[PDB]
Each structure stands twice: as structure tokens, then as C-alpha cells.
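> What follows is the file upload.cif, containing mmCIF, C-alpha atoms; chains and numbers go by the auth columns:
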```cif
data_data
loop_
_atom_site.group_PDB
_atom_site.id
_atom_site.type_symbol
_atom_site.label_atom_id
_atom_site.label_comp_id
_atom_site.label_asym_id
_atom_site.label_seq_id
_atom_site.Cartn_x
_atom_site.Cartn_y
_atom_site.Cartn_z
_atom_site.B_iso_or_equiv
_atom_site.auth_seq_id
_atom_site.auth_asym_id
ATOM 1 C CA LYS A 1 17.190 -0.574 -13.196 0.00 4594 A
ATOM 2 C CA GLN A 2 14.186 -1.563 -15.328 0.00 4595 A
ATOM 3 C CA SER A 3 -2.310 -4.719 -12.998 0.00 4603 A
ATOM 4 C CA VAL A 4 0.087 -3.299 -10.407 0.00 4604 A
ATOM 5 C CA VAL A 5 -0.827 -1.779 -7.032 0.00 4605 A
ATOM 6 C CA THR A 6 1.317 0.791 -5.221 0.00 4606 A
ATOM 7 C CA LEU A 7 1.136 0.765 -1.422 0.00 4607 A
ATOM 8 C CA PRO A 8 2.590 3.341 0.991 0.00 4608 A
ATOM 9 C CA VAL A 9 4.807 2.186 3.840 0.00 4609 A
ATOM 10 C CA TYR A 10 4.393 3.898 7.208 0.00 4610 A
ATOM 11 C CA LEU A 11 6.483 3.547 10.348 0.00 4611 A
ATOM 12 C CA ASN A 12 3.605 3.218 12.845 0.00 4612 A
ATOM 13 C CA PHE A 13 -0.169 2.768 12.843 0.00 4613 A
ATOM 14 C CA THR A 14 -1.034 6.479 12.707 0.00 4614 A
ATOM 15 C CA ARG A 15 0.410 6.760 9.165 0.00 4615 A
ATOM 16 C CA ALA A 16 2.052 10.093 9.986 0.00 4616 A
ATOM 17 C CA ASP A 17 5.497 9.160 8.605 0.00 4617 A
ATOM 18 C CA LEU A 18 6.067 7.842 5.080 0.00 4618 A
ATOM 19 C CA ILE A 19 9.283 5.959 4.321 0.00 4619 A
ATOM 20 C CA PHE A 20 9.021 4.460 0.837 0.00 4620 A
ATOM 21 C CA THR A 21 6.576 3.109 -1.735 0.00 4621 A
ATOM 22 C CA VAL A 22 6.153 -0.504 -2.863 0.00 4622 A
ATOM 23 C CA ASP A 23 4.562 -1.791 -6.070 0.00 4623 A
ATOM 24 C CA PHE A 24 2.624 -5.042 -5.655 0.00 4624 A
ATOM 25 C CA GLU A 25 1.005 -7.400 -8.149 0.00 4625 A
ATOM 26 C CA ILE A 26 -2.771 -7.701 -7.918 0.00 4626 A
ATOM 27 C CA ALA A 27 -4.658 -10.997 -8.144 0.00 4627 A
ATOM 28 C CA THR A 28 -6.907 -12.010 -11.033 0.00 4628 A
ATOM 29 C CA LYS A 29 -10.319 -11.012 -9.658 0.00 4629 A
ATOM 30 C CA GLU A 30 -9.297 -8.102 -7.420 0.00 4630 A
ATOM 31 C CA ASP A 31 -9.760 -4.405 -8.170 0.00 4631 A
ATOM 32 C CA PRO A 32 -7.157 -1.605 -7.897 0.00 4632 A
ATOM 33 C CA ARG A 33 -10.006 0.846 -7.314 0.00 4633 A
ATOM 34 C CA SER A 34 -11.129 -1.170 -4.286 0.00 4634 A
ATOM 35 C CA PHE A 35 -7.538 -1.455 -3.059 0.00 4635 A
ATOM 36 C CA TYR A 36 -7.126 2.321 -3.231 0.00 4636 A
ATOM 37 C CA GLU A 37 -10.505 2.944 -1.577 0.00 4637 A
ATOM 38 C CA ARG A 38 -9.938 0.554 1.337 0.00 4638 A
ATOM 39 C CA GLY A 39 -6.698 2.278 2.355 0.00 4639 A
ATOM 40 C CA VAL A 40 -4.414 -0.749 2.124 0.00 4640 A
ATOM 41 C CA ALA A 41 -0.920 0.165 3.313 0.00 4641 A
ATOM 42 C CA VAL A 42 2.185 -1.310 4.946 0.00 4642 A
ATOM 43 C CA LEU A 43 3.171 -0.670 8.562 0.00 4643 A
ATOM 44 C CA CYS A 44 6.659 -1.153 9.983 0.00 4644 A
ATOM 45 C CA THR A 45 5.709 -1.330 13.676 0.00 4645 A
ATOM 46 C CA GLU A 46 2.488 -2.493 15.319 0.00 4646 A
#
```
As C-alpha cells - that is how I would like this structure written.

Amino acid sequence: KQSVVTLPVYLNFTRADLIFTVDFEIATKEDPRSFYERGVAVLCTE
């Protein structure tokens, strides 16, 4: 019920279908700005 990086989850590689969102913990020296710029996401099928 109750930094941090949020990543979309897509069903296939084309990223045309969004299922749900996942919040991940970022490492010490990494950058959420870079993570958002690089288009990091989660795919269900590949």
C-alpha cells in the first residue's frame, strides 16, 4: 500500500503497446536524466 527511475513496459520491440509502469532504484553514479534520454524501457517479448 505504501533516486528512483520509472520505466515503461511494452509488449514487443516496437513499443506500441504499454502494459504497466515499474519504478527502479538507480545506482550511485548514474543519472536519471541520462536514463530518460537514452529511452531505457522494459520489453515483454523479443
> Which residues would end up in the selection if the PyMOL selection byres ((chain A and resi 4623) around 7) were applied here, given that I need the answer as a list in words?
residues 4604, 4605, 4606, 4607, 4621, 4622, 4624 and 4625 of chain A
> Would you translate the PyMOL selection byres ((chain A and resi 4640) around 12) into the concrete set of residues it matches in this file, as a PyMOL selection string?
chain A and resi 4605-4610+4615+4622+4624+4632-4639+4641-4643
> Can you pull out every residue within 9 Å of residue A:4645, counting only C-alpha atoms, but drop anything in the same chain fewer than 4 positions away, and send it as a ChimeraX atom specification?
/A:4610-4613
> Hey, could you pull the box centre and edge lengths for stretch 4618-4628 of chain A, axis-aligned, 5 Å padding per side, all listed atoms, to one decimal in Å, as lines of an AutoDock Vina configuration file?

```
center_x = 1.2
center_y = -2.1
center_z = -3.0
size_x = 26.2
size_y = 29.9
size_z = 26.1
```
